[PDB]
Amino acid sequence: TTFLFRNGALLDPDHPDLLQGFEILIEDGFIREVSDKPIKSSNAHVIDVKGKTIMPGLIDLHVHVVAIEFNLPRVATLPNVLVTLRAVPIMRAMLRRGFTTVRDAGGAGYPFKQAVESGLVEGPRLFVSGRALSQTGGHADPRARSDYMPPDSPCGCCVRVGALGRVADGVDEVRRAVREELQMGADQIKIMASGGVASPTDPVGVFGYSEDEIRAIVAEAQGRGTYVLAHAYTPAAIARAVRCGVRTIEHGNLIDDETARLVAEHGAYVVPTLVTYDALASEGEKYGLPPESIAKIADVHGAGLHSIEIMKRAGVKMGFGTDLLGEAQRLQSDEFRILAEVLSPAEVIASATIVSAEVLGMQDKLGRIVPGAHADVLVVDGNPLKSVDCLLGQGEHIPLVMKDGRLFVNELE
Amino acid sequence: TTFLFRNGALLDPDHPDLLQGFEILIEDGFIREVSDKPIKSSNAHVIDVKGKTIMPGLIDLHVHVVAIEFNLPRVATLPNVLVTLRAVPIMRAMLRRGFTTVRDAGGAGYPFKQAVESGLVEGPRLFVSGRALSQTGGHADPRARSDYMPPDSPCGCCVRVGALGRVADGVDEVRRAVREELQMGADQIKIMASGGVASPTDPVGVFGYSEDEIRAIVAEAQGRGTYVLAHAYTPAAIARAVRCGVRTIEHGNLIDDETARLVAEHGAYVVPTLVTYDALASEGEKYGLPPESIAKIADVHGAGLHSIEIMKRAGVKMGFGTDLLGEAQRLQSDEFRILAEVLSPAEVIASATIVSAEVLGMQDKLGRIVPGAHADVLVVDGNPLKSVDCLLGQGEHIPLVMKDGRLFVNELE
Amino acid sequence: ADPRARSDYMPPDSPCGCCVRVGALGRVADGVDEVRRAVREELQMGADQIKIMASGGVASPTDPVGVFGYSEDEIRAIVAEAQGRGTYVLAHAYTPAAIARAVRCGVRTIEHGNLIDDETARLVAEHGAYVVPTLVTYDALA
Amino acid sequence: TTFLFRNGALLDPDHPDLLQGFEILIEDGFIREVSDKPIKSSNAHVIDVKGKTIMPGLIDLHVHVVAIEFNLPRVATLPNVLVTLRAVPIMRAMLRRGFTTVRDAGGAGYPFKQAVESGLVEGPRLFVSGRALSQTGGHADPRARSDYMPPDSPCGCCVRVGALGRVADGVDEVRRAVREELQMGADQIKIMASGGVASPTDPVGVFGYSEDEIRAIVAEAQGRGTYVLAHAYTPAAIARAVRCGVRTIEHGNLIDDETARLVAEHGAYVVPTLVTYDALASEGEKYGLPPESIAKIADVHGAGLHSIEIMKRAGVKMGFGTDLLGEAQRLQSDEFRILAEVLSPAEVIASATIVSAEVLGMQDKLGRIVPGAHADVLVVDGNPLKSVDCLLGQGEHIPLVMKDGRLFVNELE
Ligand SMILES: [Zn+2]
Ligand SMILES: [Zn+2]
Ligand SMILES: [Zn+2]
Ligand SMILES: [Zn+2]
Ligand SMILES: [Zn+2]
Ligand SMILES: [Zn+2]
Ligand SMILES: [Zn+2]
């Protein structure tokens, strides 16, 4: 069908001020025309923004739609029926909050992607990693510590819906795993390149994978025209990953000046996920997060904010991401705020649009309202270019969310 | 049995003209004499061509004898007996069109090779690959896309007759797989070096195999005094294959001037198979050819004709091939027509003779009628060196087909 | 409830082995021990009652309708497990013979019964068993 | 399509003299009408017998289509393709010799039955058993004797074409075995109830399977509305199989009067196969039959003809059967003339027709030319009721062979 927006301020992410007196025409889930001159509307439904803001749909580069509880190893043991059903409300809340596209960083596979694309369920467009690859005892290894090693999972053949990752060791093993995830429909590859917080037995500073394993993994992803994202916190872990060809680094809280520069020199992106740490600290214990993981939050939580300053100083391209678990999923939009404490509103908005879209290899198709781009559009009760505050919460000040050229929400008419 | 051909025009690939007034002496499946001055054989069965054409047996360098349907995965699950039986006509129809030798590119094994050699059935002399090697998720991986990986074969110990490939990943697996096919009697080795038009999930631009895996495979073939042929469309896929040592490149639809020179320089051969992209476009869908497979075709259809030009200009040795599936196996001869749209009839006929023969390392033993070669001879009602229309069809204008110094078809007498 | 196609080989019933598919309506089990174990797993996993195929089916790859499903020993073993947990067995069955053996082995409800004769119907009624006919599905199928 | 038979002598197997003055109308593969009064059919293709004999197609209840040579354990190991292609001429020769139906008693499965039905190949209709069931070290266990026990078959999941049997031990295992053969499409179930001859390790008088296994096997066959046939030689072995519910007894060479009566009393059948032992005693040793199986030949050969008297004296219903291997399959018809040494021609003919049909559960549908029965008709230049000598050989005196209302051979003109 067709649509026409007018009488509203146009937020173009690479212009520091709203474009005024513009009109947008949507046809068949694509932006058709954008001009400072009124448009010829024969068969288009008209929307009067009445001087409110039209912006591109938002992008979250780091989400886990199947992270339905704080205890991740436990989620993998939950019935597939349940994990699936509890992800529905989740995906839907994401869309309400303005997120028309998301990258899943581990868990959700192709099936979710097609469930959404087909209309079965509603949510952001999904870019799916499949299961994150981790070495034995790595961040994505759900096994507790004892005197024996149970096998990674019950039947290595059938994927558990609740599984966020999978264990693979050695070049052959990791090359096969990547080949399977891709076979199965993954858009990109996730790996753990260091220890983590929400895992049972791995320290935060510990490396993930030999270089051999990382270069093997990277070469597969690329061979299929894709790329690798890597969970890593410390300079050494980040640095080896980047040298090994990883395209985006997840978190990177303990990055330093030397590492930040390497990153920028190599063209890699970093996706900070600051809200999650606040949240793991606020309500982690309270919501059944293992006391092993809680111990590991502090080592990484403090550095969060300054890592951004470091990154901006070096000119590192930062994308937007959140990484929230369980009930904490509701806090997605807070990341905007947290960031505005160091970056200018324009800066954070660019990270959650054009920069993120670059990460996705979707430049000019997402993150900006222009001829040919997907018709993911928002109407906001405010000017994000001045204050990110209107994006906060559960979409209150976002009266209209449109994805693929269809209205999911529209309390304007 | 001993024959002598007389009173006809001799086709010699390395001469632009049908030579005249020549006598040919076949003793024991071998050509004993070809000369202008008549020769006496009191004993021999004399055959008067009637001024018609005596050319060498035709050679097709890319067939799939067991491609009995367009749906290849489904074929692999059919009973070995049916596949075996349904393959007989196919192999017969190939000889009738004058192909006295064919290189099977995956599926047919030494068993067929020896069924033909012994006389159990009539068809071309076979150069077999056994199963094509493919990485997980690659062209020759028949598994569908879901949220689990079933085993490559119900039971890897026993080859399914209708299986065109086998999955192998990583150096030690590719090494073992190659050593296994060779011991089972393969003449050469096939690998999928890219995404396919007739596979279940992979795109076409995708790579197949790391260079480590390709090089290991090549050294294994080489170690047994043979070679690797590789499926590959794009210039990057093609170049890496070549630099890794593969000796013939299958299809190569999207090759460019850059890569062509590289091929030529390393002395690799290329076996286009333009015919099959018509068949698939024309009647593939209708004939139970999977829908997701169908979308692939547009990808390589147009380039086909132009690639021959690029390759010729580069001085790339091109062999003959058709790569047809199911009911389309009957279009085998059209490749002649197609190639003459862009190539000299002489050039074409040489592609399917002295060139193909050099690919099989059978120079002076096949594809040319000369003292000390196989008695692979045809009689054509026409002059291919002037036109190619006589080879078309089911052999209507090919009334004498002789392989191994014996007559499979005769309509002169 | 055996989904496998007909060919010259038997691939496995379970690709998973451990993991149940959400889309699986059934599972293959043969032999008293095998069937005991399967009923015990289904129960521990939370089943309210136990279903068996006691006959061939309309909607299936290979099985004709008139064939029996399971020996009497297998059915009896299944019925005993169901009862040890205070529940019962239901059985898909069409023909008098198939229906009758089932009831004699302790099966509590019969599903379909489309081809039941007047004799076995009394057998059913006497043994206090129930029948669930499912007429509508045959309309829709046709 | 329609035919009309006329001026021929009708052989009806339930009447001692050749009925004269009859006309047979076939249309669409079925016997439409038979009567004295000429038949009024406008387009029937009229066929002129010219006083030759018209009989029902012959039936053999014990063939092995895939017994392409005397070394049966070795056959199991030959490639599927090769076994398959060598069974072809064998099935074809059988149809020349007038056998329009055959019960294959172990080896050939559903695939072969459908290749025939789809006219993929030419040969007798097939009632198949799939693989015969044999206890460990039973007569269908091809494993040589050593100090260790290799797997029954290289690979449990897939079936080998050249495999005539399969090892199964224990009630549960034998119940699963049968259910498998039945799901793959077997028509009936074969078991080895005794030691054998053409096998490595087992003596003749040894029991095969326990009663528990035999009964569960029989109950499995009956549950699907079919039956069991058992290899069995001695009175003890034979007696237990019949008591456990077995319906046909194969061979029965060493049966005594007490057991012959038991068989009759149960209404079961015996299928002698006298011709095979002459063959083994003649050209087994010469055609690559292992010396181990030659030692056992003398154990059943000499009792052959007397067993027919015993059986006849006792009222036993005897089907026709040959059970030949490899080169000796050619001798198939010789069974007629061996049986006729003890039985009247009439009694033999009935064996190969009406009694066989009774075994197949095909009464009035096969073995008799009557309205409704399948159009399986022979033209015999002779009177089998006087001498079966005209049936001997390769159909030399059978100039017409018709199966399912279609002519496979016709030299009448
Ligand atoms: Zn992470
Ligand atoms: Zn994460
Ligand atoms: Zn190919
Ligand atoms: Zn091919
Ligand atoms: Zn049912
Ligand atoms: Zn036998
Ligand atoms: Zn036998």
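Heavy atoms only: backbone and side chains are in, while hydrogens, waters and symmetry mates are out. Residue numbering restarts at 1 for every chain, and letters A, B, ... go by the order of the sequence lines.
Applying the side chain to side chain contact (heavy atoms under 4.5 Å, CB included) rule to A:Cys157 yields the partners A:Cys155; only residues at least two apart in sequence or on another chain are considered.
By number of non-hydrogen pairs under 4.5 angstrom with chain B, the leading residue of A:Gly185, A:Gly130, A:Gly109, A:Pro111 is A:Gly185.
Neither the backbone nor the side chain of B:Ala236 comes within less than 4.5 Å of any heavy atom in chain A.
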Record all donor-acceptor atom pairs with a distance under 3.5 Å between chain B and chain A; write none if the list is empty.
from, atom 1, to, atom 2, distance (Å)
B:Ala144, O, A:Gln183, NE2, 2.9
B:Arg145, NE, A:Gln183, O, 3.1
B:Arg145, NH2, A:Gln183, O, 3.4
B:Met149, N, A:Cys157, O, 3.4
B:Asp169, OD1, A:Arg179, NH1, 2.7
B:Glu173, OE2, A:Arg176, NH1, 3.1
B:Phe207, N, A:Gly223, O, 2.9
B:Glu213, OE1, A:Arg179, NH2, 2.7
B:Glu213, OE2, A:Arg179, NH1, 2.9
B:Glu213, OE2, A:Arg179, NH2, 3.4

